[PDB]
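Structure file query_25.tsv (TSV, N, CA and C atoms) is printed below.
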chain	number	residue	atom	x	y	z
A	1	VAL	N	-18.43	3.27	-13.33
A	1	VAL	CA	-17.46	2.21	-12.91
A	1	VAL	C	-18.19	1.16	-12.07
A	2	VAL	N	-19.25	0.63	-12.61
A	2	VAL	CA	-20.02	-0.42	-11.89
A	2	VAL	C	-19.75	-1.78	-12.53
A	3	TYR	N	-20.10	-2.84	-11.83
A	3	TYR	CA	-19.87	-4.21	-12.40
A	3	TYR	C	-21.16	-5.03	-12.40
A	4	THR	N	-21.02	-6.31	-12.61
A	4	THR	CA	-22.22	-7.20	-12.65
A	4	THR	C	-22.27	-8.02	-11.37
A	5	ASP	N	-23.26	-8.85	-11.24
A	5	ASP	CA	-23.34	-9.66	-10.01
A	5	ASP	C	-22.46	-10.90	-10.13
A	6	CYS	N	-22.07	-11.43	-9.01
A	6	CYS	CA	-21.26	-12.65	-9.00
A	6	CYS	C	-22.11	-13.86	-9.32
A	7	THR	N	-21.47	-15.00	-9.31
A	7	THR	CA	-22.21	-16.26	-9.53
A	7	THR	C	-21.99	-17.20	-8.36
A	8	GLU	N	-20.94	-16.94	-7.68
A	8	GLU	CA	-20.56	-17.79	-6.51
A	8	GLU	C	-19.56	-17.09	-5.60
A	9	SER	N	-19.46	-17.59	-4.40
A	9	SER	CA	-18.53	-17.03	-3.42
A	9	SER	C	-17.11	-17.19	-3.94
A	10	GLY	N	-16.32	-16.20	-3.67
A	10	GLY	CA	-14.96	-16.14	-4.28
A	10	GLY	C	-14.49	-15.19	-5.37
A	11	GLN	N	-15.44	-14.75	-6.17
A	11	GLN	CA	-15.11	-13.78	-7.26
A	11	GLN	C	-14.78	-12.41	-6.66
A	12	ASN	N	-14.63	-11.40	-7.50
A	12	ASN	CA	-14.20	-10.06	-6.96
A	12	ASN	C	-14.97	-8.88	-7.50
A	13	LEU	N	-14.77	-8.58	-8.72
A	13	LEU	CA	-15.43	-7.38	-9.27
A	13	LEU	C	-16.88	-7.65	-9.56
A	14	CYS	N	-17.55	-8.19	-8.59
A	14	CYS	CA	-19.00	-8.41	-8.74
A	14	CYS	C	-19.74	-7.74	-7.62
A	15	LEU	N	-20.96	-8.17	-7.42
A	15	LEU	CA	-21.76	-7.63	-6.29
A	15	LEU	C	-22.00	-8.71	-5.27
A	16	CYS	N	-21.56	-8.47	-4.08
A	16	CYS	CA	-21.76	-9.51	-3.00
A	16	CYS	C	-22.41	-8.89	-1.77
A	17	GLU	N	-22.12	-7.65	-1.53
A	17	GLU	CA	-22.76	-6.96	-0.38
A	17	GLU	C	-24.10	-6.38	-0.83
A	18	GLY	N	-25.11	-7.22	-0.84
A	18	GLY	CA	-26.44	-6.75	-1.31
A	18	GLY	C	-26.36	-6.37	-2.79
A	19	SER	N	-25.88	-5.19	-3.05
A	19	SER	CA	-25.74	-4.75	-4.46
A	19	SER	C	-24.47	-3.96	-4.64
A	20	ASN	N	-23.79	-3.84	-3.59
A	20	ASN	CA	-22.51	-3.09	-3.61
A	20	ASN	C	-21.37	-3.98	-4.09
A	21	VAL	N	-20.41	-3.38	-4.73
A	21	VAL	CA	-19.29	-4.18	-5.25
A	21	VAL	C	-18.45	-4.73	-4.12
A	22	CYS	N	-17.90	-5.87	-4.36
A	22	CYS	CA	-17.06	-6.49	-3.32
A	22	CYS	C	-15.97	-7.34	-3.98
A	23	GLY	N	-14.75	-6.87	-3.92
A	23	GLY	CA	-13.65	-7.61	-4.59
A	23	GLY	C	-12.26	-7.18	-5.06
A	24	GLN	N	-12.18	-6.04	-5.71
A	24	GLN	CA	-10.85	-5.59	-6.19
A	24	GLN	C	-9.85	-5.56	-5.04
A	25	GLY	N	-8.82	-6.35	-5.18
A	25	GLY	CA	-7.80	-6.40	-4.11
A	25	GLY	C	-8.28	-7.28	-2.97
A	26	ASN	N	-9.58	-7.50	-2.91
A	26	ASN	CA	-10.14	-8.34	-1.84
A	26	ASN	C	-10.89	-9.53	-2.45
A	27	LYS	N	-11.61	-10.25	-1.63
A	27	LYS	CA	-12.41	-11.39	-2.18
A	27	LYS	C	-13.64	-11.66	-1.33
A	28	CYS	N	-14.80	-11.55	-1.91
A	28	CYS	CA	-16.01	-11.83	-1.11
A	28	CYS	C	-16.31	-13.28	-1.05
A	29	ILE	N	-17.14	-13.55	-0.15
A	29	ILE	CA	-17.66	-14.93	0.01
A	29	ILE	C	-19.18	-14.87	0.11
A	30	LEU	N	-19.84	-14.96	-1.01
A	30	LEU	CA	-21.32	-14.86	-0.96
A	30	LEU	C	-21.97	-16.19	-0.54
A	31	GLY	N	-22.75	-16.14	0.51
A	31	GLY	CA	-23.41	-17.38	0.97
A	31	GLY	C	-22.36	-18.42	1.31
A	32	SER	N	-21.93	-18.44	2.54
A	32	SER	CA	-20.92	-19.42	2.92
A	32	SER	C	-21.53	-20.77	2.87
A	33	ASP	N	-21.44	-21.42	3.93
A	33	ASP	CA	-21.90	-22.83	3.99
A	33	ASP	C	-23.40	-22.85	3.99
A	34	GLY	N	-23.92	-22.46	2.88
A	34	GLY	CA	-25.37	-22.36	2.73
A	34	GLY	C	-25.86	-21.24	3.62
A	35	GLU	N	-24.98	-20.28	3.87
A	35	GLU	CA	-25.35	-19.20	4.78
A	35	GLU	C	-25.39	-17.85	4.11
A	36	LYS	N	-24.81	-16.94	4.78
A	36	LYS	CA	-24.85	-15.51	4.35
A	36	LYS	C	-23.64	-15.10	3.50
A	37	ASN	N	-23.68	-13.87	3.04
A	37	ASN	CA	-22.56	-13.30	2.24
A	37	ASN	C	-21.72	-12.35	3.11
A	38	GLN	N	-20.46	-12.21	2.77
A	38	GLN	CA	-19.61	-11.25	3.52
A	38	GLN	C	-18.35	-10.92	2.71
A	39	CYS	N	-17.78	-9.77	2.99
A	39	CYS	CA	-16.54	-9.37	2.25
A	39	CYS	C	-15.28	-9.53	3.05
A	40	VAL	N	-14.39	-10.34	2.52
A	40	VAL	CA	-13.05	-10.47	3.17
A	40	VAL	C	-11.95	-10.33	2.13
A	41	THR	N	-10.81	-10.00	2.61
A	41	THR	CA	-9.67	-9.84	1.74
A	41	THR	C	-8.99	-11.18	1.42
A	42	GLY	N	-8.51	-11.31	0.21
A	42	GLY	CA	-7.83	-12.58	-0.17
A	42	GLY	C	-7.22	-13.03	-1.50
A	43	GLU	N	-7.67	-14.16	-1.99
A	43	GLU	CA	-7.14	-14.69	-3.28
A	43	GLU	C	-8.30	-15.08	-4.21
A	44	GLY	N	-8.49	-14.31	-5.24
A	44	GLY	CA	-9.61	-14.63	-6.19
A	44	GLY	C	-9.36	-14.01	-7.56
A	45	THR	N	-10.41	-13.92	-8.34
A	45	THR	CA	-10.27	-13.34	-9.70
A	45	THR	C	-11.53	-12.52	-10.08
A	46	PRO	N	-11.38	-11.56	-10.99
A	46	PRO	CA	-12.52	-10.78	-11.50
A	46	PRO	C	-13.62	-11.70	-12.07
A	47	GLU	N	-14.86	-11.28	-11.97
A	47	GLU	CA	-15.95	-12.10	-12.51
A	47	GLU	C	-16.14	-11.90	-14.05
A	48	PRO	N	-15.98	-10.68	-14.56
A	48	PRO	CA	-16.21	-10.43	-15.99
A	48	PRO	C	-15.24	-11.26	-16.85
A	49	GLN	N	-15.74	-11.76	-17.94
A	49	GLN	CA	-14.87	-12.59	-18.83
A	49	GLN	C	-14.03	-11.69	-19.74

Encoded form using C-alpha coordinates:
Amino acid sequence: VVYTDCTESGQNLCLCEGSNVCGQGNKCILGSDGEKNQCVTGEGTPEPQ
(Lines of atoms letter the chains of each structure in order from A and count residues from 1; the text may use other names and numbers.)
(Lines give C-alpha, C1' and ligand atoms only; values in the text may rest on other atoms or scores of the structure.)
Protein backbone atom coordinates (compact mmCIF):
# COMPACT_ATOMS: atom_id res chain seq x y z
CA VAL A 1 0.00 0.00 0.00
CA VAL A 2 2.67 2.50 -1.06
CA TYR A 3 2.34 5.49 -3.42
CA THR A 4 4.50 7.66 -5.67
CA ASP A 5 6.16 10.99 -5.01
CA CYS A 6 4.31 14.28 -5.29
CA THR A 7 5.05 17.00 -7.81
CA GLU A 8 4.12 20.01 -5.76
CA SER A 9 2.87 21.16 -2.38
CA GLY A 10 -0.78 20.33 -1.89
CA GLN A 11 -1.28 16.78 -3.16
CA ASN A 12 -2.02 13.85 -0.78
CA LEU A 13 -1.31 10.26 -1.55
CA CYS A 14 2.26 11.03 -2.40
CA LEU A 15 5.53 11.32 -0.54
CA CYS A 16 6.26 14.61 1.20
CA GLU A 17 7.89 13.67 4.50
CA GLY A 18 11.26 12.62 3.07
CA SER A 19 9.88 9.38 1.65
CA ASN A 20 6.97 8.74 3.89
CA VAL A 21 3.44 9.17 2.63
CA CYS A 22 1.68 12.36 3.49
CA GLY A 23 -1.96 13.03 2.57
CA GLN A 24 -5.02 10.79 2.88
CA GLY A 25 -7.51 12.85 4.82
CA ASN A 26 -4.75 15.42 5.20
CA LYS A 27 -2.68 17.61 2.86
CA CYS A 28 1.06 18.16 2.77
CA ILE A 29 2.87 21.20 1.73
CA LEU A 30 6.21 20.26 0.20
CA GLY A 31 8.63 23.18 0.05
CA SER A 32 6.63 26.17 1.13
CA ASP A 33 7.76 29.53 0.03
CA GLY A 34 10.86 28.12 -1.49
CA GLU A 35 11.37 26.48 1.86
CA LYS A 36 10.86 23.16 3.52
CA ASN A 37 8.19 20.44 3.41
CA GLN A 38 5.66 19.65 6.15
CA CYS A 39 2.41 17.71 6.71
CA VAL A 40 -0.79 19.49 7.63
CA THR A 41 -4.40 18.58 7.48
CA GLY A 42 -6.68 20.14 4.86
CA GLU A 43 -8.12 20.42 1.33
CA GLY A 44 -6.40 18.64 -1.56
CA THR A 45 -6.55 15.67 -3.94
CA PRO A 46 -4.73 12.33 -4.57
CA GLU A 47 -1.66 12.58 -6.81
CA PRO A 48 -2.18 9.35 -8.87
CA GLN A 49 -4.18 9.89 -12.06

- Item | Filtered DSSP result for chain A, state strand (DSSP E), as a PyMOL selection string | chain A and resi 14-17+20-22+27-29+38-40

### Message
I'd like the neighbourhood of residue 46 (chain A) as a list in words, where a residue qualifies if any of its atoms comes within 8 Å (using only N, CA and C atoms), though same-chain residues fewer than 2 positions away should be ignored.
### Response
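Selected residues are residues 10, 11, 12, 13, 14, 23, 24, 44, 48 and 49 of chain A.
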
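A straight line drawn from atom C of residue 15 (chain A) to CA of residue 30 (chain A) is 7.5 Å long.
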
The residue from A:22, A:28, A:16, A:6 with the smallest atom-to-atom distance to residue 43 (chain A), counting all atoms listed in the file, is A:28
